[PDB]
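We begin with a single chain expressed as structure tokens, specifically the form deposited in one PDB entry.
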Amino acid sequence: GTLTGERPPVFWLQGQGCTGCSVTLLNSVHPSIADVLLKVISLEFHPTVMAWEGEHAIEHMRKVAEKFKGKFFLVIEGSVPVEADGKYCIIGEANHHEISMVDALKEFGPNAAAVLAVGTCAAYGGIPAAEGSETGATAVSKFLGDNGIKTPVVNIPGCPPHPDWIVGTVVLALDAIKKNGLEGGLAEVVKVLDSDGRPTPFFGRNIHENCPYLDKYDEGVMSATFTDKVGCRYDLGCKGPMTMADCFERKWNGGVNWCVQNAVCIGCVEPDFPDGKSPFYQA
């Protein structure tokens, strides 16, 4: 990219998120986050990093949205809570009127080129939707479907996702759009999503079947303490067998470690995370 090149507008809305999906993106190595922001996208609204504030920030987003109706990308971080008329997530106020996450997704969702549901919360409900919750935390695709909103959704899950999954999915979509236009390009992206809406370049391979400890698993050689790095981690709770992600190869944080080497995989990219992956520390 260049400072002077074409960069599509992006709005980043946080619902019931922890900001971990923003922080993981800040950790991108190649390209760096500076290059992403200055050369790849135009991040027009993002409450954690943007210059302006309050109603002015909301109105700026609305002005860009009108100019780029049908053409902006909408990133959602966190789940969307529907209970109590949306009151468990208020994202802004304008004109003396509060804006819930429910309101915001109904407003901007219909007019986005595509919605990128970043993180397991947005993709599948995640921890805010888990047993013991009471906010009506809802995944993006289900919320949009329930409200008749047909805009395409791409899920980029993980808790958090790896930065390469987020940036790489953006790069994949922008490439498809460059070659085919918006509708043709999004059709090419949909073709490479699995049944859970995830791009197969990043989520098309199972961790366990590619794990360096697979021989130990097949031999029944299991570590009894976390600090034994020779044995397989299955008895300690590893969920690699049920998890579709490429962590075994790209690893984390500049390649310095990953969950299976350090401890166990907790299946964080899967639609049943956390309840279907718990307890974390037994099989």
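All residue numbers refer to positions in the sequence shown, first residue = 1. Basically, rigid core = biggest C-alpha set you can superpose within 1.5 Å across the two forms.
Engineer: Is the mean CA B factor in the deposited entry higher across 75-83 or across 144-152?
Structural biologist: On average, C-alpha B-factors are higher across 144-152.
Engineer: Of 62-70 and 41-49, which one has the bigger average CA B-factor?
Structural biologist: On average, C-alpha B-factors are higher across 62-70.
Engineer: Of 198, 162, 179, 205, which one's C-alpha B factor is largest in the deposited record?
Structural biologist: Of the options given, 179 has the highest CA B-factor in the PDB entry.
Engineer: Whose C-alpha has the highest temperature factor in the PDB entry: 244, 238, 256, 29?
Structural biologist: Most elevated C-alpha B-factor of the set, per the entry: 29.
Engineer: For the chain shown, is the CA B-factor of residue 213 in the lowest, middle or highest third of its modelled residues?
Structural biologist: It falls in the middle third of the chain.
Engineer: Going by what the PDB entry lists, where does residue 129 fall on CA B-factor within its chain: lowest, middle or highest third?
Structural biologist: Answer is lowest: the recorded C-alpha B-factor places it there.
Engineer: Could you look up the Cα B-factor of residue 111 in the entry and say which third of the chain it sits in: lowest, middle or highest?
Structural biologist: Residue 111: CA B-factor falls in the highest third of its chain.
Engineer: Where does residue 120 sit by CA temperature factor within its chain: lowest, middle or highest third?
Structural biologist: Within its chain, residue 120 is a lowest-third residue by C-alpha B-factor, going by the deposited values.
Engineer: Where does the C-alpha B-factor of residue 158 rank in its chain, lowest, middle or highest third?
Structural biologist: Within its chain, residue 158 is a lowest-third residue by C-alpha B-factor, going by the deposited values.
Missing here is the form deposited in another entry; even so, the following discussion is about that form.
Engineer: Align on the core first; then indicate which of 33, 214, 50, 242 has a CA shift of 2 angstroms or more between the shown form and the other one.
Structural biologist: The residue that shifts is 33.
Engineer: Note whether the distance between the C-alpha atoms of residue 183 and residue 35 decreases (closer) or increases (farther) in the other entry, against the displayed form; the change is 3 Å or more.
Structural biologist: Compared with the shown chain, residue 183-residue 35 is closer in the other entry.
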